[PDB]
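Should a chain be cited, it is by its letter among A, B, C, D, E, F, G, H, I, J, K, L and M, assigned in written order, with residues numbered from 1 in that chain.
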Amino acid sequence: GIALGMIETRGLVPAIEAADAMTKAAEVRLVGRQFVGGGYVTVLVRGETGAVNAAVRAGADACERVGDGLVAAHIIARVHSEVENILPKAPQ
Amino acid sequence: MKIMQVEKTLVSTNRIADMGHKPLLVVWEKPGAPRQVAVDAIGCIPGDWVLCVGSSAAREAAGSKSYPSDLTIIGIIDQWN
Amino acid sequence: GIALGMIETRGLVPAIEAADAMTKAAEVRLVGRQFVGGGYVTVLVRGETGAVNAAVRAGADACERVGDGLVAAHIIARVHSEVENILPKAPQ
Amino acid sequence: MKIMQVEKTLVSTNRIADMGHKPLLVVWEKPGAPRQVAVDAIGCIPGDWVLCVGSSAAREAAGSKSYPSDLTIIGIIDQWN
Amino acid sequence: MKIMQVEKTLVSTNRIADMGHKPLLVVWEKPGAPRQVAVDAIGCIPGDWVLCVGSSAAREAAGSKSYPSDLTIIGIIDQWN
Amino acid sequence: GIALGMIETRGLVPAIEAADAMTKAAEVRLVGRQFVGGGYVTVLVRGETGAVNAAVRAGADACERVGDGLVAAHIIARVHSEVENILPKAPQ
Amino acid sequence: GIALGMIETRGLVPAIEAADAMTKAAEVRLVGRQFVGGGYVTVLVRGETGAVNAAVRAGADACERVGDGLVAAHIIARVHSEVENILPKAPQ
Amino acid sequence: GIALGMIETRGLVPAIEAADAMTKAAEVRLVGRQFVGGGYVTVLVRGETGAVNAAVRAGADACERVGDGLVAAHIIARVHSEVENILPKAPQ
Amino acid sequence: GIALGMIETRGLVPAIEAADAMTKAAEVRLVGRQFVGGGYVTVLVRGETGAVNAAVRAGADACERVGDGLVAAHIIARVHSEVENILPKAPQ
Amino acid sequence: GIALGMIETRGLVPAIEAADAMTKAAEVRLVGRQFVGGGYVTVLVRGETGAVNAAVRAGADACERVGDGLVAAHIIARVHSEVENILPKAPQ
Amino acid sequence: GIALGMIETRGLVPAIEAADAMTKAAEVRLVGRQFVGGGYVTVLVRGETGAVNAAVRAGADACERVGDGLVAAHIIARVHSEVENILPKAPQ
Amino acid sequence: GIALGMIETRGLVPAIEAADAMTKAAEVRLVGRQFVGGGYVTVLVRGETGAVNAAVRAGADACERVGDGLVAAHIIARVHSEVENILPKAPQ
Amino acid sequence: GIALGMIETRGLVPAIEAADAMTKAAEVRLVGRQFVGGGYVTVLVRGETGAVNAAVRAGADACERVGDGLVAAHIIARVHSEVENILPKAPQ
């Protein structure tokens, strides 16, 4: 599936918890983890729309209480072609 | 109102939040006719013959003055073929 | 579809109404109806995540008003193998 | 509601101010059918299969009782072809 | 909304007073298609490709909740043919 | 199209949402996504003036609500050659 | 069409807007644009009575808001031959 | 492009500033400068609708603070044929 | 020397005084004097940027207390090529 | 030993103190130290569940009063396979 | 042209707007754009003293109301030879 | 001389002004410019103790008013050998 | 470079400081230092208009807080030929 789930946090530890919850909740693949600068860390998963919905909801609830918390939990069902050039394909 | 047959169900995961939890059915007037999607305010099954209201009456038929529906099932025909 | 949807009701009439709504709302397989004892009745459907999500939301909104009402409407998109063991495969 | 396919985007620079910043998509029912323009309340891509509501529900679907829309996309179909 | 081409102007001297001073344009979807009359809320010329909204959005698009319009031009397409 | 559109966000999730909206709103080329440092992320698209105008308005209205929100949505219809030099050509 | 329509504006931008509206509103011939001096600009169209009536009403409603606005929107359905003499035949 | 942008000012100096800003902001050609009488000066540019929009906005903001200021900044996307006889083609 | 300096006055006497002061203060060629209509008179000088700055300051200071006074004093360090079409090359 | 322990600190000195306390309290391998940006530094240890619990408690207690302090202390008893892709194997 | 003009902005969008305005206002070569860390972005132009003055004023005026805004606008009419070692020759 | 002068600022522009003033005031060589993260920029000069004293005083006063100002202006007459490994020798 | 910059100080120390700052700020040749009598000391520099402007501003800023202070800072962008007879060519 080509649906994108994004979770942003202050700091890496809530991002790790959110990614763990996201992958445990639904059939989604962790596609990246980006340090944004300033403490922002974003975790990106790909999958089917329903799966990504469930994963992002679970990740948001899981990481809301960890560290400095959650910034954003957004869902894009279909990403434009141009946006796939700024989306990492594998996590380093 | 129009007399329709229920083809199947339709799921749109990312549909607007104002659509609520209401189910959506793919219906046609007759097999092979252009498909439409109706808000299922009745709870019917595929193969049912149903009554569908359009225009602004479908909004209140689906539960609210503000509901985003232009086609709502409002009844199952007792005897149709 | 390996996603699971569950609806719990006080009494059997709201459970039948909820299962009817769920099975008419999306392509989901009614795989169980358990009398928990004490008045609770649980109805379990299986399907893909979007189907289960739509079906459970429709069933909850349909059976909230019926009888003594709803107790729980829960969706599990990713179910562990161990859990599958405790889940009924067919309804009796 | 109707089941449409998104053809492309449409830009009208001098459109009325009441249209806001909302994007406009050229959609058809099927390739070759007459084109229509829908307000994109969802954010879909060309080739998507979408749900479109007409009449007065499209106005609120686009964000306001007073919005100048008679066709609004309100969801992307999970599985269609 | 629909994509139309402006054919010409239309004048109705004895039209109802509630129509105001707003201009009226004869438009078609394509040359040879059935003609319609739209309220020109934009000020376009013959040969323009325009966006037309129907239903009740055309009333407010023409300037009022009570305006007697069921088709109003709300923009000129930047690039169409 | 030599017109330029820029959107600045606090965090990367609103930047991805804004770029998605912009690229789905008009015929614009996503030519960059820069981490400014400190939390800011800027997304740059190129296209003809009407395309860029429509895309930037849609992206601003789409990403105003996401995360810590929007910082800037600016359109430059005529960009000096010197500026072009500092503008990314392709996104990385 | 020997009917005459006139629109007077403070400044030239509202006069051009009014003439645009008038010529797009009905089948009328833009036969003049006179700088009266002092800021007034008058725009004169000729056509049949219904055309001129519709055009002048549209132009007045279109240019009321533009600039320093409208001064006069007058229709003469029957114009005396003597007056015709003072009326420009073509715009310059 | 056949879109018309008009800017009116009290006095020539704000008109010059507006024309400079208009041509610097977007790809528009200065098509005329008309003394209207009474101090009104209008500057007319032609181009594509998006370009003319950006140019007229920039010119309005630039000349709002110069001299006796701005009177009108109007945009016409498509001008009628009859109105092209009262629109100058080149600036003297 | 392609910088442009402009001065508006209410009347020709302050315009002449401002032009004389401008020409005496720095090496700027007085390229024009335009009667704008309504009483506005504008004087236009071309020269090097610092020269034009000094000249325009001297001209405004000299003509503020002459006749009806000063309306606008503006410097454009570099004008667009489109604007040179409406700028006089030499007075008459 | 596949349990994961995480500690965030504002600064590197509390991070180093927490890592030293973690490694001394229980047999946990310190698998990473990440500069998150913004001042956040995270330390990641892998080990047996009880070992990680003891280590993370000791690390949080040790680094609460060091420098700017502690931000997050989190234990995941078993992480998903997708999450191991964003977890370092060894520091550098 | 060895004068140096500098502009700081909170974010890249006001920096790009200021650089475009600087380059359009006077003949100054934009010699650099530096991400300073923390969100500060600086733009550096080299040119003649009067040119740099005009350009920096235009850039500050243009970028004050863009995004998070303007931090610093500074002109050095002649820089020491030691300082040229920390000034970029051209951007990238 | 081996005396070290350091000036820290919020942002690059006050750092550039401080370095210019430092090198103009005394016989000191600009030995580096370091982006510290968070907006901190430090400029390092080397020379004789009296020269470095005069330079750091002048730089502090010069950059106190520029941008977000000065953080620190420190003087070390003799640096330890170990500290020369973390001090840049030439500015990139 | 025929622009003239002047600075008066009460005393020779602020005059020397102002001359040094003037010469360091822009490329201006210090053409004279005159003891005026009464304690007034004047310093005279010749150069390009923008150079003289920058130099005189720097000199006034530098010598305001030196000794008894500053009396006058004046720039003449172009002096009459009669005035050159009372302007020194070089100091002694």
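Going forward, a contact is a pair of C-beta atoms (placed from the backbone, for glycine too) under 8 Å apart; a residue touches a chain by one contact, two chains touch by 3 or more.
In UniProt terms, the chains line up like this: A, C, F, G, H, I, J, K, L, M = Major carboxysome shell protein CsoS1A; B, D, E = Carboxysome shell vertex protein CsoS4A.
*Asks:* Any chains in contact with both chain H and chain M?
*Replies:* Chains in contact with chain H as well as chain M: I.
*Asks:* Please tell me whether the contact surfaces of chain D and chain E are same or different in residue numbering, using the over-half criterion.
*Replies:* Here the answer is different, because the shared fraction of interface numbers falls below one half.
*Asks:* Could you say which chain's mean Cα position falls nearest to the mean Cα position of the entire protein shown?
*Replies:* Most central by this criterion: F.
*Asks:* If contact pairs are compared by residue number, which of F-H, K-M or H-I agrees with A-J in over half of them?
*Replies:* When the contact pairs of A-J are compared with those in F-H, K-M or H-I, H-I matches.
*Asks:* Contact counts by the stated rule: is the higher one at B-D or A-D?
*Replies:* The comparison resolves to B-D.
*Asks:* Given a C-alpha superposition of chain F onto chain H, how large is the rotation in degrees, taken in steps of 5?
*Replies:* For the C-alpha superposition of chain F onto chain H, the angle is 125 degrees.
*Asks:* So how far apart, in whole Å, are chain F and chain K when each is placed at the average of its C-alpha atoms?
*Replies:* Whole-Å distance between the two chain centres: 21.
*Asks:* Can you check how far apart chain E and chain I are, centre to centre, with Cα atoms defining each centre and the answer in Å?
*Replies:* Spacing between the chain centres: roughly 50 Å.
*Asks:* Compute the distance, rounded to whole Å, between the mean C-alpha positions of chain I and chain M.
*Replies:* It comes to 29 Å between the two C-alpha centres.
*Asks:* Could you give the separation in Å between the centres of chain G and chain L, each centre being the mean of its C-alpha atoms?
*Replies:* Taking the average C-alpha coordinate of chain G and of chain L, the gap between them is 72 Å.
*Asks:* Give me the residue numbers in chain I that touch at least two other chains, ranges are fine.
*Replies:* As it turns out, chain I has residues touching two or more other chains at 38, 48-50, 53.
*Asks:* Enumerate the residues of chain E that touch no fewer than two other chains.
*Replies:* As it turns out, chain E has residues touching two or more other chains at 42-45, 76, 78.
*Asks:* Considering the complex alone, what residue numbers of chain M touch chain K?
*Replies:* Going through chain M, the ones touching chain K are 24-27, 48-51, 53-55.
*Asks:* Touching chain F in the complex: which residues of chain A?
*Replies:* 4, 6-8, 34, 36-40, 42, 71-72, 74, 76, 79-83, 85-87
*Asks:* Where on chain E is chain G touching in the complex?
*Replies:* Interface residues on the chain E side: 9, 11, 13, 20-23, 40, 43-45.
*Asks:* Quick one: in the complex, what on chain K touches chain M?
*Replies:* Residue positions touching the partner: 3, 48-50, 53, 75, 77-78.
*Asks:* Help me check something: in the complex, which residues belonging to chain H touch chain I?
*Replies:* Of all residues in chain H, those touching chain I are 10-14, 16-17, 19-20, 23-24, 28-30, 33, 35-41, 43, 45, 66-68, 90-91.
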